[PDB]
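Engineer: Sharing a structure here in structure tokens format.
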Amino acid sequence: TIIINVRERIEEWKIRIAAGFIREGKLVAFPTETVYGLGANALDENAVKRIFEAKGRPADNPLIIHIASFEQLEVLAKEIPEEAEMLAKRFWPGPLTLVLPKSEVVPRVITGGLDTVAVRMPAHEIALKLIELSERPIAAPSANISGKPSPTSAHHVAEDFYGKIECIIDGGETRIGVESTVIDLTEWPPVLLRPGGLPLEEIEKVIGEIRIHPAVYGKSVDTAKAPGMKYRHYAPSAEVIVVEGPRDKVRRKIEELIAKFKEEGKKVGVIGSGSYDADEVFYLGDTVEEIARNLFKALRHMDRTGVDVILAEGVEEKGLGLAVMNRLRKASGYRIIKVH
Ligand SMILES: C[C@@H](O)[C@H](N)C(=O)O
């Protein structure tokens, strides 16, 4: 593995090293505005397949293709809806992923064997410069072991993958903290498949109101058009209990369980903004924007220690809040103590 520190400023030749790797059919981890992605050349079955391997990822769970130019979209998808052009021209480059019907050049191995392809234009200097220089599209899911928390720093990528992959570009920590929003434009009205860095409300202002796939709220799915729907994800080794309801009643409830779970002789931490006494306590932030930014730091911080159980305070499902609650809820496999 080669780690390229590009935190301070970007230096062309550094990124060129990695571009070579991408071309050589090797794996390269890169920063994005959302999470680090584990990238391969998208036009190379072999390269791509290396990704599912490294991750332990079912060939079933599709990948997202990252582009840097609007013209490469027409290359990867056919019969592009009008809405897609409107969302792309308003929100790309940005934390938005569009599901479209697949052009023929895109390998079935990327899409998990569907005529539907997921595409994004990452809003990050490096992610874009990498794509340009490597003169190829990059298929790139979250750069973690399948099932575990998402990476939001090179440290996180490295503790999962140092040794086992050729390259990690270190860009510092990712600005937003959670994955891109996936919108399905292969149906009318469109469907939100994964809540993300781009709030629903913003998208609904542009194109019409959209529907929400029940996957978002924990319906198991036989077949997945996008990542983060089928299989477990975002989950530490530990157990996670998410508690939601009004401020005090949630805090109160958290306190009962700390003590309850301490009596059973279990080590316990909490994620939230409420100030309890336990082995571990990670403060997520005052604002949702801040919470989204720290969510995986926290989940990984807890996992590295030896807490056997984690208690997460819920948050409002508006804005980035829809994503955090989605992630937490899917981390615990839907253990949600609802308080009234
Ligand atoms: C790697 C990053 O782009 C991730 N796949 C996302 O959609 O947010």
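Since every read-out is calculated from the coordinates, none of them should be taken as a lab result. With ideal geometry, Cβ positions are generated from the backbone for all residues, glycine too; neighbour counts draw on all protein chains shown.
Engineer: Just subtract the alpha-carbon distance of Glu11 and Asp308 from 0.36 nm times their residue separation and send over the number in nm, one decimal.
Structural biologist: Numbers: separation 297, 0.36 × 297 = 106.92 nm, distance 4.30 nm.
That works out to 102.6 nm of additional length.
Engineer: Using amide H atoms built 1.01 Å from N in the peptide plane, name the residues 5+ places from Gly37, or on other chains, whose amide H lies under 5 Å from its own.
Structural biologist: Answer set, sorted by chain and number: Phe30, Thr32, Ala143.
Engineer: Limiting things to C-alpha atoms, what are the Rg and the maximum Cα-Cα separation (Dmax) for region 293-340, in angstroms?
Structural biologist: So, for region 293-340, Rg and Dmax equal 11.3, 33 Å respectively.
Engineer: Same structure again: Suppose every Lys and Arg Cβ carries +1 and every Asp and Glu Cβ carries -1, with no other charges. What dipole size does the chain come out with about its Cα centre, to the nearest 20 debye?
Structural biologist: 740 debye
Engineer: Same structure again: Ratio to report: Rg/Rh of region 1-95, with Cα atoms as the point set and Rh obtained by the Kirkwood method; give two decimals. Write out the running numbers ahead of the final one.
Structural biologist: Numbers: Rg = 15.1 Å, Rh = 15.3 Å.
For region 1-95, the value is 0.99.
Engineer: Under 5 Å between amide H atoms, partner at least 5 residues away or on a different chain: which partners does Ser103 have, H built in plane at 1.01 Å?
Structural biologist: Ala77, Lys78
Engineer: While we're looking at this one, here's another question. Nearest 20 debye, what's the magnitude of the dipole of region 110-240 about its Cα centre given +1 on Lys and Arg Cβ and -1 on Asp and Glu Cβ?
Structural biologist: 260 debye
Engineer: Let me ask something additional. Near the amide H of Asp170, under 5 Å away, which other amide H atoms are found, from residues 5 or more places off or on another chain, if H is placed in the peptide plane?
Structural biologist: For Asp170, whose amide H was placed from the backbone, the distant partners under 5 Å are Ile4, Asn5, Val6.
Engineer: Can you compute log10 of I(q)/I(0) for the chain with the Debye formula, treating each Cα as one identical point scatterer, at q = 0.06, 0.13 Å⁻¹?
Structural biologist: -0.20, -0.94
Engineer: On a full-extension model of 0.36 nm per residue, what is the gain between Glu159 and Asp115, subtracting their alpha-carbon distance, rounded to one decimal in nm? All intermediate terms of the calculation are to be shown ahead of the outcome.
Structural biologist: Numbers: separation 44, 0.36 × 44 = 15.84 nm, distance 3.49 nm.
Taking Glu159 through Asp115 to full extension adds about 12.3 nm, to one decimal.
Engineer: Right, next: Using a 10 Å cut-off around each Cβ, can you sort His213, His124, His340, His66 from fewest to most neighbouring Cβ atoms? Before the final figure, lay out each step's value.
Structural biologist: On the way: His213 19, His124 22, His340 5, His66 27.
The order, fewest Cβ neighbours first, is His340, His213, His124, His66.
Engineer: While we're here: How big is region 232-290 by the Kirkwood estimate over distinct Cα pairs, in Å? Provide the component values of the computation, followed by the final result.
Structural biologist: Numbers: mean 1/r = 0.0794 Å⁻¹.
One decimal place: 12.6 Å for the Kirkwood radius.
Engineer: Can I ask one more? Considering all projection directions equally, how large on average is the shadow of the alpha-carbon convex hull of region 228-340, in square nanometres? Don't skip to the end; give the middle numbers.
Structural biologist: Numbers: hull surface 26.4 nm².
That works out to 6.6 nm², a quarter of the Cα hull's surface.
Engineer: A further question on this structure: Which one, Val157, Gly265, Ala18, is farthest towards the positive end of the dipole of the chain when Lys and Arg carry +1 and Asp and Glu -1 on their Cβ?
Structural biologist: So the residue furthest toward the plus end is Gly265.
Engineer: For an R0 of 51 angstrom, estimate the FRET efficiency from the Cβ-Cβ distance between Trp188 and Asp277 and round to the nearest 0.05.
Structural biologist: According to the calculation, E is roughly 0.45.
Engineer: Still on this model: Using θ = phi - 60° and the Karplus curve 6.51 cos²θ - 1.76 cosθ + 1.60, what whole-Hz ³J(HN,Hα) does each residue of region 305-319 get, with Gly and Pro shown as x?
Structural biologist: Each residue of region 305-319 in turn: 6, x, 6, 8, 8, 10, 10, 9, 6, x, 8, 5, 6, 8, x Hz.
Engineer: Moving to a separate point now. Counting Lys and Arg as +1 and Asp and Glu as -1, what is the net charge of the other residues whose Cβ lies under 11 Å from the Cβ of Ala127? If you can, show how the numbers build up before the last one.
Structural biologist: Working: positive: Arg120, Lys129; negative: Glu33, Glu125, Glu132.
Neighbour charge sum, excluding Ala127 itself: -1.
Engineer: Another one. With a/c under 1.5 counting as rounded, go ahead and sort region 260-310 into rounded, prolate or oblate using the C-alpha gyration tensor (a ≥ b ≥ c being the square roots of the eigenvalues; past the cut-off, prolate if a/b is larger than b/c, else oblate).
Structural biologist: On the way: a/c = 3.42, a/b = 1.77, b/c = 1.94.
Oblate, because a/c is 1.5 or more while a/b does not exceed b/c.
Engineer: If a/c stays under 1.5 just call it rounded; otherwise compare a/b with b/c (prolate if a/b is bigger, oblate if not). Do that for region 127-260, with a ≥ b ≥ c from the square roots of the Cα gyration tensor eigenvalues. Please report the intermediate quantities before stating the final value.
Structural biologist: Details: a/c = 1.91, a/b = 1.15, b/c = 1.66.
It comes out oblate by the Cα gyration axes.
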